[PDB]
Structure formats: C-alpha cells, structure tokens
Amino acid sequence: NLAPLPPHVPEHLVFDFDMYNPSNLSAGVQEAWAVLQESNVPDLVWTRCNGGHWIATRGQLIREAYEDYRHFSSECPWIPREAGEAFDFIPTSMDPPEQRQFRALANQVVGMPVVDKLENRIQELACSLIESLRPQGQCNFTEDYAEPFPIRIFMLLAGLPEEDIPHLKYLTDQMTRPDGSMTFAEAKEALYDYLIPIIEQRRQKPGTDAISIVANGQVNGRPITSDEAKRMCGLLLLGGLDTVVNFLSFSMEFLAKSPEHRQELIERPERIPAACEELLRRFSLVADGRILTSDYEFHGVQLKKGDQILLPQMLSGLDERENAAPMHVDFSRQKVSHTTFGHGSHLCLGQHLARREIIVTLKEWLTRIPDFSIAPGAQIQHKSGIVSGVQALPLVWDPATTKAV
Ligand code: HEM
Ligand SMILES: Clc1cc(Cl)cc(Cl)c1
Ligand SMILES: [K+]
C-alpha cells in the first residue's frame, strides 16, 4: 500500500495516486488521472504507492523533464522500481548521446517510409475486417478489431506468424498492466526467450522483415550484437502490440457514445485527420517516467538522486493550462496541444504507423458502419498502467444502416 515517506519529501506534497488502480477509474482512466489536475493539487506531488515516487501533473513540467535528459535519465523508466531496473530495452532505456545510434536503426524499420509501403496492406485489412463484421450488427470491438487490425500489421512487418499473437500479447500486457501472474522481469525474460532463436536465424538467412533488418543492422557503422538486437526487437514488439490496440478502443467508444461527432466525420470526411489528433490528445494513454541522475531542485522541489518521477505523457494534453475545456473533444480545436507520442529525444518512432492505422480505421468504419452504439446497458471498464486501455467494448448496430464497399 503506502511506502513510508522518504525524509526529504515534503509531507504537504503527498498525493497517493496509484497509477495501476486509480481512485476515479470508473469515471474513465483519463478522468481518473485528471484528478491530479484538480484545484488544489501541486505541479509536482509524491505518491507513496507502488514503492513511492514523484509525479509531475502539468504539461509545462512534464515537458521540461523529458527535455532534460541529464537530470531525468530514461535508464529506469518504469514503475515500480524493480521493473524500471530490469527494463533494458533499446533505445528506450538509453539517453543521448549513446541512445541515438540505436534510435536511428530502429527508425529505419518502423518509420514513415516503411509506413508508406505498408499503406495498401493496412487498408486491405481494415476493409477485410470491417466488411466481414458489417452484416453481423455487432462485435466486441477489442477482440474483433482493435487487436487484430494493429497486431496483424505489426506481425507482418516483423514477419512473425500470427499463431504467436496470444502469447506475445499476454507477455506485453504483463508489462503495461500486470495482472499479477508475472513480474516485469519474468515477462521480459520470456519475451527475450522468444526472440533469441529468431534473431540468430534471421542472422544467417537475412529476410526483409523488421527483425532481420535490426538483426543484421549497424549502429553508426559497427555491427549490432545479437543481444543488442534482442533488446531492440523486444521493444518494437512492445510498441507494436500494446499501443494502437488500446487507443482505437478509446476512440471508437467515444464515437459510439457521440452521434454528433460521428455525423461530423460522415458529412465532412476531410476532417478525419484533425479528429485523429484531437482524439489522440483527448484519449492519450501512455505514462512512463525517469530517474534522477543526481540531487536536483526542480520547480521549488528537492529531488534526490535515485528518486523516480512519473512524467505522464497522458496529462499534458488534458492540462487546462494547455487546452481550454480539455475534456471536450472538438474536431475543430485550433491548436491541439499534447505529448501523446512523448516529448524529447525519445519521441515515438511509431507515430506515423499509429496515425495511418488510426486514420484508415476511422475512414473505413464510418464508410460501412456510420451508425453504431455501445451494447445496451453495457458498463465500460478501463484499466490503468504504463499504457491504459479498455477491457471490452461491445458494439451493436442495425445491418440495414450499413453499406458495403
Ligand atoms: C497510439 C499509439 C502510440 C503511442 C501513444 C505511443 C507513445 C509512445 C511514447 C509516449 C513513447 C516515449 C517513451 C519514453 O519517452 O519513455 C514511445 C516510444 C516509442 N514507441 Fe510509440 N507509441 C505508439 C505506437 C507505437 C508503435 C505502433 C510503434 C512501433 C512498433 C511504437 C514504437 C516506439 C518506439 C520504438 C519507441 C522508442 C523511442 C526511443 O526510446 O527513442 N510506438 N511511444
Ligand atoms: Cl515505455 C513504452 C515503450 C514503447 Cl515501445 C511504447 C510505449 Cl506506448 C511505451
Ligand atoms: K534499467
């Protein structure tokens, strides 16, 4: 429950927020986290939960911390601390200057150029998936679309067989939202155990998949180690299975509950992209953090070398000091401001892939199923963690209102 308050942490700045089971969860994860932005909550608080750590509650501080990699190292980026210490993925667990040489190689496998080529294939699967669901007049969105659409595309980029999805997604989720069956340490080992034989195999018969490309790659000219490649592939895997999956569910849930918005995108299709950014702001869902390299006074607070601080990428865009009426989805919002894909040297390499997936989803679903709602009486539950998500989303619609392409 609560870790004893470190001697150096001010008693008045304690706000025991639990990132894996927030108080207000039933109001929605974002509303649960937004409690940290209420009227008398400080810019920086200390929660005694999960072993104890700082939490920056406003975008201005969240932004400076991410920019200041000398004081806030990504080396122990996960909470609780034990997870943070075993977290050795590349390049995420590294800080410039060493981080860069690997970030470039990772960028080559999932970046915009790679996305452009994946284009037609992504669209085909969105359609294949939506049309096949169309005439049923119902589906449980998380397992019938949110998960297979994103993951499949990733399993293809990685050139991995879909039969492995259940195992990999189980491991990934134990990392983002552990249910207790396994520790971060155990989850990563099993993921590292999965990859090893693949990395050695694609290192002898080099294919064109992302795995082969990282396995046979070079960092600023010298050869990548088998181990370096594993730590890098493991992260990509994490980034491919538990990001978009969850975000799509948040967006589609909001759309199921707001006909007005649906209609806006139906009547005015050119707004889909902007709506996509606005949805990313509103339904932001990642929160990881950093560890203090030395003792440092930050915004009037004494941080002690070794303290962990959670910098909720999720919170920036929900900050009223960044966007007025933040909880309000406005597809015409003139300055959509957020840090949903992060901030600093670790900006999300997969945002171009994520945006395309999101925008093709909106376009193709609204085209075939403009009217849909949450199943009657269904009580939607969110889940909080490093990546927040949706437990299930039952959707229903009248087949008669649909249109095949
Ligand atoms: C809605 C979708 C997504 C969101 C909100 C998101 C968010 C983030 C955030 C917040 C970070 C920064 C972590 C930090 O600073 O510790 C990050 C890093 C990263 N993400 Fe994304 N992500 C998404 C989708 C993806 C996808 C589809 C991939 C590709 C598999 C991916 C690959 C990566 C990589 C490789 C990094 C690490 C960059 C580095 O550490 O330099 N992400 N992402
Ligand atoms: Cl820590 C982390 C790492 C990746 Cl790859 C994606 C997200 Cl969302 C968080
Ligand atoms: K570590």
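Values reported hereafter were calculated over all heavy atoms of this structure, with side chains retained and with hydrogens, waters and symmetry mates removed. Throughout, residue positions are numbered sequentially from 1 according to the sequence presented.
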[atom1] of [X] to [atom2] of [Y]: how many Å apart, nearest 0.5 Å?
X      : Y      : atom1 : atom2 : value
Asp43  : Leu61  : CG    : CG    : 5.0 Å
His338 : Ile62  : NE2   : CD1   : 13.5 Å
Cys127 : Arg134 : SG    : CZ    : 12.0 Å
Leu265 : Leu255 : CG    : CG    : 6.5 Å
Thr361 : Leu248 : OG1   : CG    : 4.5 Å
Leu160 : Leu168 : CG    : CG    : 7.0 Å

Could you check whether any side-chain N or O of [X] sits under 3.5 Å from a backbone N or O of [Y], counting only pairs where one atom can act as donor and the other as acceptor?
X      : Y      : answer
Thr339 : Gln313 : yes
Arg100 : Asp95  : no
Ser212 : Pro206 : no
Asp16  : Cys49  : no
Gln308 : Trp78  : yes
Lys257 : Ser373 : no

Residues in side-chain contact (heavy atoms from CB on, under 4.5 Å) contact with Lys188, at least two apart in sequence or another chain: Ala86, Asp88, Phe89, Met175, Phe184, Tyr192
Results of side-chain contact (heavy atoms from CB on, under 4.5 Å) for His352 - residues two or more places apart only: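 Per chain and number, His352 pairs via side-chain contact (heavy atoms from CB on, under 4.5 Å) with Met112, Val115.
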Using a strict 4.0 Å threshold on nitrogen-to-oxygen distance, state whether [X] and [Y] make a salt bridge.
X      : Y      : result
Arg48  : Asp18  : no
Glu270 : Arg268 : yes
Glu200 : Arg203 : no
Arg58  : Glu38  : no
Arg222 : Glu228 : yes
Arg177 : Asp242 : yes
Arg63  : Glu67  : no

Side chain to side chain donor-acceptor pair (under 3.5 Å) between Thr183 and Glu186, intermediate numbers included: CA-CA 5 Å; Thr183 65; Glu186 289 158 344; 3.2 Å; yes
Qualifying residue, where the test is side chain to side chain contact (heavy atoms under 4.5 Å, CB included) with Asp144 and the options are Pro394, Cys139, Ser132: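 Among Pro394, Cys139, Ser132, the one meeting side chain to side chain contact (heavy atoms under 4.5 Å, CB included) with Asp144 is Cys139.
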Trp365 ring center near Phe372 ring center (under 6.0 Å): yes
Side-chain heavy-atom pair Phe283, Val29 within 4.5 angstrom cut-off: no
Side-chain heavy atoms of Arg290 within contact of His346, under 4.5 Å: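 Yes. Closest side-chain heavy atoms under 4.5 Å.
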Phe17: ring pair (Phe, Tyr, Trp, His ring centres under 6.0 Å) partners, not counting sequence neighbours: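 Applying ring pair (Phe, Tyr, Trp, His ring centres under 6.0 Å) to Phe17 gives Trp33.
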Closest non-hydrogen atom pair between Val114 and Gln108, with its separation: CG2-O, 3.2 Å
Steps toward side chain to side chain donor-acceptor pair (under 3.5 Å) verdict (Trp54, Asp307): CA-CA 7 Å; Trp54 298 104; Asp307 286 349; 2.8 Å; yes
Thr225 versus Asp227, side-chain donor and acceptor atoms under 3.5 Å: no
Donor on one side chain, acceptor on other, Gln37 and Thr57, under 3.5 Å: no
Worked check of side chain to side chain donor-acceptor pair (under 3.5 Å) between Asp398 and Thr401: CA-CA 6 Å; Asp398 168 17; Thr401 57; 4.8 Å; no
Under the rule for salt bridge (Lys or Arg N to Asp or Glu O under 4.0 Å), what residues qualify as partners of [X], not counting sequence neighbours?
X      : answer
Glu75  : none
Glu147 : none
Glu85  : none

NZ/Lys205: more than 12 non-hydrogen atoms of other groups inside 6.0 Å: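 No, because the 6.0 Å sphere around NZ of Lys205 holds 12 heavy atoms or fewer from other groups.
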Over 12 foreign heavy atoms within 6.0 Å of CD, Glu297: yes
Side chain to side chain donor-acceptor pair (under 3.5 Å) assessment of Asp68 paired with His71: CA-CA 6 Å; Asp68 182 358; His71 287 98; 2.6 Å; yes
Candidate pair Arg355 and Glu357, rule salt bridge (charged side-chain N to carboxylate O under 4.0 Å, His left out), full reasoning: CA-CA 6 Å; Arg355 280 196 183 83; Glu357 297 189 345; over 6 Å; no
Working for salt bridge (charged side-chain N to carboxylate O under 4.0 Å, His left out), residues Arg282 and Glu278: CA-CA 6 Å; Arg282 180 62 171 70; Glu278 170 71 349; over 6 Å; no
